[PDB]
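Participant: take this sequence and fold it.
(chains A, B, C, D, E, F, G and H)
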Amino acid sequence: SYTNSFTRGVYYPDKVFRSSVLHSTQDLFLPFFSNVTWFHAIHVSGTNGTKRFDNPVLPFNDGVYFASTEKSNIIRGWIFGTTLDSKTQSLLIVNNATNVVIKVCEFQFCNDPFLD
Amino acid sequence: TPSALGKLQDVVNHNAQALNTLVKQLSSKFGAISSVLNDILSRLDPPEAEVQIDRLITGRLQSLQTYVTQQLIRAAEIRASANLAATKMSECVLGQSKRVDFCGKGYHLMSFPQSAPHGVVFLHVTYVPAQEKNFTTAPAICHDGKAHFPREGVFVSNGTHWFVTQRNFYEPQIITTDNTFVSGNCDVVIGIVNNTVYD
Amino acid sequence: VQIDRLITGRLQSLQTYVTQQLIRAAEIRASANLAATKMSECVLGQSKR
Amino acid sequence: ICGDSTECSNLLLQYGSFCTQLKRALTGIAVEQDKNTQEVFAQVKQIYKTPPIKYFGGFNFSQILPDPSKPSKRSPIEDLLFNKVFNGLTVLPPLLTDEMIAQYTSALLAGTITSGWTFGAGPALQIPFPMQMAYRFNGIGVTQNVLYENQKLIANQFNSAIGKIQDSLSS
Amino acid sequence: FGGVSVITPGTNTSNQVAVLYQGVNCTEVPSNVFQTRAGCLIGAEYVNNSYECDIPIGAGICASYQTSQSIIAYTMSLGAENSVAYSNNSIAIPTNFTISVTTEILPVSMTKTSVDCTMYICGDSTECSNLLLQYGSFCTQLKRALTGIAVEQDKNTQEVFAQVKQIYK
Amino acid sequence: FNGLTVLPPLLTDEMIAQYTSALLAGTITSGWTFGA
Amino acid sequence: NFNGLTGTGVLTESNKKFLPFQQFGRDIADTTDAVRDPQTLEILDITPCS
Amino acid sequence: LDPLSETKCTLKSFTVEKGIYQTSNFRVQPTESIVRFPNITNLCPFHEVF
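Facilitator: Numbering: from 1, shown residues only, chains lettered A, B, ... in the order given. The protein structure is shown below:
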């Protein structure tokens, strides 16, 4: 716990057009005025290589809110899965110019994934 | 005052809420896999869909019966209010009624009906006295050894003389033999005072 | 199969209770209006009825 | 409907809004029961009080006026009338307690005795009780002289009739 | 157990509300704690002054929004304590008058509605109406009930306003 | 609008207004003689 | 039948403005009275049959 | 989040008027499941079989 989310974390629960009405939907949302971990990982920067930095794995119970203030190209994708070691499928959303690679292929990961 | 017409907003919002509830209750499973009839008839077979449609029709008929019962319960009070409004229209507008608090708070004088959406408004004209004063009263007087009771009035005294005024308006008048009547002698009334009448 | 019938029976019983309460409250309101009319006519004045 | 069950609440919401309309109906019933007591007893703005002396021309009102020699401040007739008449459901108390109803009844009684009917159609106009009875007798056809002649007999009959009310209500 | 009740003194004025734990003795709720005869009120304080009942709470307790603006609890006052100077030889005869015109709102009729026992029950279906007629006779009495309700609502307006034969101008 | 048919009242607002105006005229110009 | 939305009614030219991520819309009582055909971008009102 | 938001959700409106509005029902949650049982005296004579 490092910061708080005042009124952020609301999305469209469905594709139903509603005009000047009030609707209640029981779905997975983000509670207002809650704790949002402000993880900062800037240990290695400027150089290349360094296939071993310091960051842990994050759990995914039912849903996460991912906000980021990256300037130009810091955030370039995510990595999902449950075992992450050649046993279950994963989900790479690696970002890139003009195209974003998406794949649900199953393979082995490393303890510190990064794009070089 | 926006709450002056709250009684008229109570017979209209209730009907809208009942209709909205009756419409929303259709999207509620009464023991079926879904609510759409076509989806149940397509995703299942007739001998199995007959187990769910017989419960859906039961739930919908029960909801309609509940709606009809609530409508009858509301119509009972609506009829009571309409009868009360007709009685007031007949007793205050078509004449002068002496019933207290019926044709407004005070002495009923007039009443003018005003049309209203799903209702009626009565403008009761009441007579409210004001600027009252303190006076000394007495049951009767005894001029010629005989009692004199007020016919239509009240014996008042400003401190020196004894006059006779109305029961709802101070109108000082001399005590004469026309507004008083003799009844018995001056030996049974408690509190009688001595005064002279003007024949 | 059993809980959906138990909840239905309980909801029907609660609806019957609410309906009986409304039917009784109608007569309660009628009696309260009659009592208010009597309080306004016999106590606050001399009614000739 | 759901007694300490977690799987029952998930299915209770599948039948629609059958739970909110009954709660609204009960709330409306409670508001109606409160408005009835508000419109039946609370009909006057001024809370009149009885004078210290209790000699109203010879009429004994000790059976209807509130008795201050008790922690409840209620009339003995009201005392006789009061001393004779949980798995998800609650009992809401009324808005107006018994003390407020007793005060309203005492104020109405004081206004009827000391003013008659003038306190119900405007300002309270003081008037002696023997003169109030003379005006109330003229409304039925009987002249007021009969009252000024038989006030003692009328007061005795009124006291004898009021005294038997408690016996009739108790027996 | 019991039921909670939030006392909100309007949103256009302030966002300071108070909760009422009906039935709780203020010893089971997990900021002026005060125990009333109708529950446990958390959020208001009991003032000695008695004002007019603005927000009804229960058992004589009432709420309002009065001054630091906050919610205060108080026993409702029935009115002023007038003392009529009763005397055997004193009467009050009025000298002036004030004609006042009051209003009284009374409903006459409501919205006339009529439902369909086939379209509302069976939505654009054909085999549904085949079993609808065999599930009982609960489709002809409701239509007649609604027709009678409509006739009653019309008769109310006919007997309330149309009480004279001549239309005077 | 899925089976609900709201029926309009028999006496419109114009007829109610005319009735109220006639009652007002009878109360002002005749008093209580037009009701008996 | 607009991708599962099966029902009856009249398809009339509406005047609404749907956001570029929605197809259909419901009224105050959860009744489908508007849908966008996923063939050519155009609003369509769904009024009930007579 | 807060009782005012719960009142707003109950009335289904962002503007709550002046008054008392019920929102939910209070309930203390039970915890220790007391599995109380009587003595255990009449044990089976398994010592004379083995």
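
Participant: apart from its chain neighbours, what residue comes closest to residue B:171?
Facilitator: Counting by C-beta to C-beta, 6 or more residues apart in numbering or on different chains, the nearest residue to residue B:171 once its immediate chain neighbours are dropped is residue B:165, at 5.2 Å. All C-beta atoms are positioned from the backbone trio N, CA, C, and that covers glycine.

Participant: residues touching that neighbour, list them.
Facilitator: Contact analysis of residue B:165 by C-beta atoms under 8 Å, 6 or more residues apart in numbering or on different chains lists B:153, B:154, B:156, B:171, B:172, B:173, E:93.

Participant: quick one, which of these are buried?
Facilitator: B:153, B:154, B:156, E:93 (16 or more other C-beta atoms under 10 Å in any protein chain shown).

Participant: wait, residue E:17 touches residue H:7, no?
Facilitator: Yes. Residue E:17 is in contact with residue H:7 according to C-beta atoms under 8 Å; the separation is 7.2 Å.

Participant: list residues touching both of those two?
Facilitator: Joint contacts of residue E:17 and residue H:7 (C-beta under 8 Å, 6+ apart) are E:6, E:8.

Participant: partners of the strand or helix carrying residue A:4 in the sheet?
Facilitator: Per DSSP states H and E: residue A:4 is located in strand A:3-5. Sheet pairing of strand A:3-5 (DSSP bridges) gives strand A:34-36 (antiparallel).

Participant: buried residues in the strand it pairs with?
Facilitator: So for strand A:34-36, counting by 16+ other C-beta under 10 Å, buried means residue A:36.

Participant: ok, then the element right after that strand?
Facilitator: strand A:79-80.

Participant: list every C-alpha atom in whatever helix or strand residue D:30 lives in, with coordinates, as PDB.
Facilitator: Using DSSP H and E, residue D:30 maps to helix D:20-40. Below are the C-alpha coordinates for helix D:20-40, written out as PDB (Å, rounded to 0.1, in the frame of the first residue of the first chain):
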ATOM      1  CA  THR D  20     -38.600  -4.700  -2.000                       C
ATOM      2  CA  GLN D  21     -42.300  -4.100  -2.700                       C
ATOM      3  CA  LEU D  22     -43.300  -5.800   0.500                       C
ATOM      4  CA  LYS D  23     -40.800  -3.700   2.500                       C
ATOM      5  CA  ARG D  24     -42.100  -0.600   0.900                       C
ATOM      6  CA  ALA D  25     -45.700  -1.700   1.700                       C
ATOM      7  CA  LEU D  26     -44.800  -2.200   5.300                       C
ATOM      8  CA  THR D  27     -43.100   1.200   5.400                       C
ATOM      9  CA  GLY D  28     -46.200   2.800   4.000                       C
ATOM     10  CA  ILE D  29     -48.300   1.000   6.600                       C
ATOM     11  CA  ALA D  30     -46.100   2.300   9.300                       C
ATOM     12  CA  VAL D  31     -46.300   5.900   7.900                       C
ATOM     13  CA  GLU D  32     -50.100   5.500   7.700                       C
ATOM     14  CA  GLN D  33     -50.300   4.300  11.300                       C
ATOM     15  CA  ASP D  34     -48.200   7.300  12.400                       C
ATOM     16  CA  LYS D  35     -50.300   9.800  10.400                       C
ATOM     17  CA  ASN D  36     -53.500   8.400  11.900                       C
ATOM     18  CA  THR D  37     -52.300   9.100  15.400                       C
ATOM     19  CA  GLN D  38     -50.900  12.500  14.200                       C
ATOM     20  CA  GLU D  39     -54.300  13.500  12.800                       C
ATOM     21  CA  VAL D  40     -56.600  12.000  15.500                       C
END
